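Presented below is the structure to which this report refers.
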Amino acid sequence: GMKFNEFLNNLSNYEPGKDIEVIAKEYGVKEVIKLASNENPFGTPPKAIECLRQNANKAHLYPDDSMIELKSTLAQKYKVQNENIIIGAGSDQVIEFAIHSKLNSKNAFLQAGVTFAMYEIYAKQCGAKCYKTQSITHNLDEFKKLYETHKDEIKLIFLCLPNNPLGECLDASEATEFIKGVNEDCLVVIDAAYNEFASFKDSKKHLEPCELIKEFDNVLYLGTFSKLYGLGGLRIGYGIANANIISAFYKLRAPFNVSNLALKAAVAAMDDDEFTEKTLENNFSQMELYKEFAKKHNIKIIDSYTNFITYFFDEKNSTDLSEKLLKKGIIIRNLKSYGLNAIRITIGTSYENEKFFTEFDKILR
Amino acid sequence: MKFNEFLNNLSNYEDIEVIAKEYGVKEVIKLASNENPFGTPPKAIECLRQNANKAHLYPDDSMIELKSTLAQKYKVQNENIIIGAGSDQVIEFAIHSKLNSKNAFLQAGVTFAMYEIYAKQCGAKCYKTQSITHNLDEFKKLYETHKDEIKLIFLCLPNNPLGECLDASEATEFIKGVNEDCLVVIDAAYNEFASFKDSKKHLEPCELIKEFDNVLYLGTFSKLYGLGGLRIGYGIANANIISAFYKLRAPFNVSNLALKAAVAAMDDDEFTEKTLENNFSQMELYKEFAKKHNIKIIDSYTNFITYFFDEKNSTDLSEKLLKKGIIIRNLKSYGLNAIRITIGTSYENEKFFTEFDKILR
């Protein structure tokens with residue numbers, strides 16, 4: 001019969017489940033409040049909305065594959081050259097390029113004890129070994145020691161600054177201190193998907209791509225339009241790195257990998273400073289409410305530099321709490337899949353956050 | 001820094017509309033990318049405008065609304081469907097699921113460039129028939145000779161860039177002799193057009209996957225459905241093939257707006273009829289022009305027509321056209337002294353005939 005490549009044997013059967021919002025609606029909830037995907041609670045930036053509406057009648061045209069308008073906009077913003085940029089269908093696709101360009105069945109990659117699920121999932125295709133620090137949060141010392149130990153094997157390192165799903169963030173200077181001791185043939189992938197948020201809470205967490213690639217030839221900085229820029233549905237993100245790394249990724253990238261609407265909307269999103277400032281300011285003032293609520297209910301958290309907060313439990317069960325929330329129309333992210341007895345709550349609008357606090361307070365009694 | 005050795009087998013990465021602005025053109029007529037000349041289906045245009053303020057939301061990764069719409073249209077089950085970032089992405093899944101450095105694929109002498117380009121990653125052998133056009137007999141004989149090696153076959157029905165199309169019955173006849181461990185990829189990107197010209201060219205997915213458990217049907221929203229800019233296409237196949245692909249597909253591989261717009265596009269039957277009808281009535285003008293200018297063509301079942309030259313050179317002709325603001329596709333890259341012209345609106349096609357007539361003098 002029909003067989004496939006052996007590497008597919010290493011992959012898990014994948015059936016996306018029934019949408020949780022559909023479920024909640026079938027349960028007859030009063031209202032559905034979604035705080036589970038780290039989306040912008042204010043929606044799509046108004047300049048992007050308009051851009052999209054004006055470009056709705058251009059949906060039939062293949063995009064300009066050079067992607068010169070968005071590359072130039074990114075190059076100007078970060079003060080790098082166009083040859084240092086690649087655009088992916090989400091930053092996820094750039095992680096894929098990185099993995100496929102460097103990992104294979106005879107080598108390995110390094111990451112924090114608990115960080116973004118997709119790193120290891122994408123790496124499974126290559127059959128590369130995954131090394132994780134004991135510390136679940138990113139720790140400079142642990143990274144140095146685990147890397148040195150497997151220095152001949154590790155060809156790709158992930159630093160999620162700040163970290164999804166925990167929320168912590170190493171200082172930029174600690175990251176650069178670590179990267180200085182990494183071999184030139186090992187690619188350091190800095191996932192900066194939420195770094196705009198971290199930078200806003202504390203400048204010491206801010207990463208500067210032009211400085212990173214000028215100092216380190218082996219660094220790839222990843223950014224996205226999905227979170228702060230409120231374009232998660234469009235699937236567009238980017239990588240910044242030495243030209244040699246970008247040139248290698250361009251051998252793997254399919255032409256027309258990003259939509260013409262996403263290219264246009266990303267440019268508009270970057271020019272809507274009032275929206276992004278509104279988003280950042282709401283994120284951290286509302287996060288205070290979350291910290292206060294946890295404190296009042298004796299709930300452990302990790303102080304966060306992202307657009308979410310994570311609540312950890314002991315005697316109570318995160319699965320049970322998530323189902324109870326879901327039955328009141330409140331959709332959060334259960335971290336059981338990460339091996340944690342915890343929930344991750346995306347910081348929503350003040351309305352959304354108040355509903356979470358109202359129902360959860362009831363549930364915890 | 002070094003990379004995986006397979007990247008050594010890949011070519012280094014190397015806008016005509018901008019060169020037209022650079023050359024100094026007032027109006028640019030684009031007939032090079034097989035796009036719908038009437039634009040985006042109006043129900044899709046309204047859908048996109050209405051969902052412009054939902055661009056911040058990740059799509060439903062189950063993609064149940066579009067899968068169900070396709071399942072209903074084609075009378076198959078949701079488990080037989082995969083959605084890709086264009087049908088191109090489904091080609092990638094197929095190649096990555098089956099090809100490797102120790103096996104091979106089969107295709108026509110001249111067909112879509114991306115098949116071979118995508119396969120370079122896997123380092124697989126490419127077998128091409130002597131005939132540049134798809135030929136049942138050559139396919140049978142070449143497949144039989146290399147039966148132990150061929151694990152993927154491409155059938156482009158109708159064919160880009162030549163325009164020809166085997167009858168469905170011939171395709172079926174061929175597939176019956178193909179081994180159960182060889183995946184047959186039927187690229188039906190342009191089959192709506194072929195079907196309209198001649199029902200003998202029509203492919204019916206529910207019948208294909210019922211009769212064959214090694215067939216993958218590929219369709220797209222990029223051509224007839226006028227959504228080429230959004231990147232959304234699909235594959236229909238036996239559940240086991242789709243399951244394998246689902247192991248390779250990244251979650252959220254298609255945008256939420258694309259999912260919505262594809263569903264709206266399939267409910268605009270007046271727009272698609274208008275497109276098909278225009279396509280073939282206008283194609284007749286291209287046939288007459290060629291005939292009048294002693295230009296060899298291949299009778300076409302797609303949304304384009306291909307003109308072949310002898311004494312004249314397709315590169316020089318393409319440049320001359322470009323200088324007049326008319327953008328067509330030069331087929332020199334395929335090794336042919338030919339141009340492929342997408343059938344545009346009556347206004348676009350008239351501009352082409354008027355300028356090209358002058359260029360040929």
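Note: ideal-geometry Cβ built from the backbone for every residue, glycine included; neighbour counts use all protein chains shown. Any read-out appearing in this document is the output of simple, stated calculations on the displayed coordinates, not a laboratory observation.
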If you go through region A:339-349 one residue at a time, do you hit one that is over 30 Å from B:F3 (Cβ atoms), away from chain B (no Cβ under 14 Å) and of a type in the set (S, T, Y)? no
Considering only region B:72-100, state which residues are over 21 Å from the mean Cα position of the chain (by Cα) and aliphatic (A, V, I, L, M). B:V76
Answer with yes or no whether A:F109 is of a type in the set (F, W, Y) and outside any loop (DSSP other than H, G, I, E, B). yes
When the residues of region B:222-261 are narrowed to those that are facing another protein chain (nearest Cβ under 9 Å) and of a type in the set (F, W, Y), which ends up farthest from B:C206 (Cα to Cα)? B:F252
Restricted to region A:106-124 and to residues being away from every other protein chain (no Cβ under 11 Å) and of a type in the set (G, A, S), the residue farthest from A:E153 (Cα to Cα) is A:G113
Give me the pairs, please: first residue somewhere in region A:336-362 and on the phi > 0 side of the Ramachandran plot, second residue anywhere and surrounded by 18 or more Cβ atoms within 10 Å (Cβ to Cβ) and assigned to a loop (DSSP other than H, G, I, E, B), beta-carbon distance under 8 Å, and either six or more positions apart or on two chains. A:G339/A:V114
Pick out the one residue from A:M67, A:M2 that is within 18 Å of A:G223 (Cβ to Cβ), touching a helix residue (DSSP H, G or I) at 6+ places or on another chain (Cβ under 7 Å) and among the aliphatic types (A, V, I, L, M). A:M67
For the condition over 18 Å from B:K291 (Cα atoms) and of a type outside the set (S, T, Y), what is the one hit in B:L336, B:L317? B:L336
Filter region A:22-45 down to the residues that are crowded, with 17+ Cβ neighbours inside 10 Å and either of a type in the set (D, E, K, R) or farther than 19 Å from A:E352 by Cβ (or both) and list them by number. A:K34, A:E39
Of the residues in region A:119-176, those that are part of a helix (DSSP H, G or I), charged (D, E, K, R), over 16 Å from the mean Cα position of the chain (by Cα) and under 30 Å from A:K201 (Cα atoms) come to A:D141, A:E142, A:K144, A:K145, A:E174
So, in region A:326-360, of the ones that are under 26 Å from A:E26 (Cα atoms) and of a type in the set (F, W, Y), which residue ends up nearest to the chain's Cα centre (by Cα)? A:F356
Can you find even one residue in region B:348-357 that is part of a loop (DSSP other than H, G, I, E, B), farther than 16 Å from B:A20 by Cα and not aromatic (F, W, Y)? no
Can you confirm whether region B:179-192 contains a residue that is in a helix (DSSP H, G or I) and within 12 Å of the chain's Cα centre (by Cα)? yes
Can you find a residue that is within 25 Å of B:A262 (Cβ to Cβ) and of a type in the set (V, I, T) anywhere in region B:166-179? no
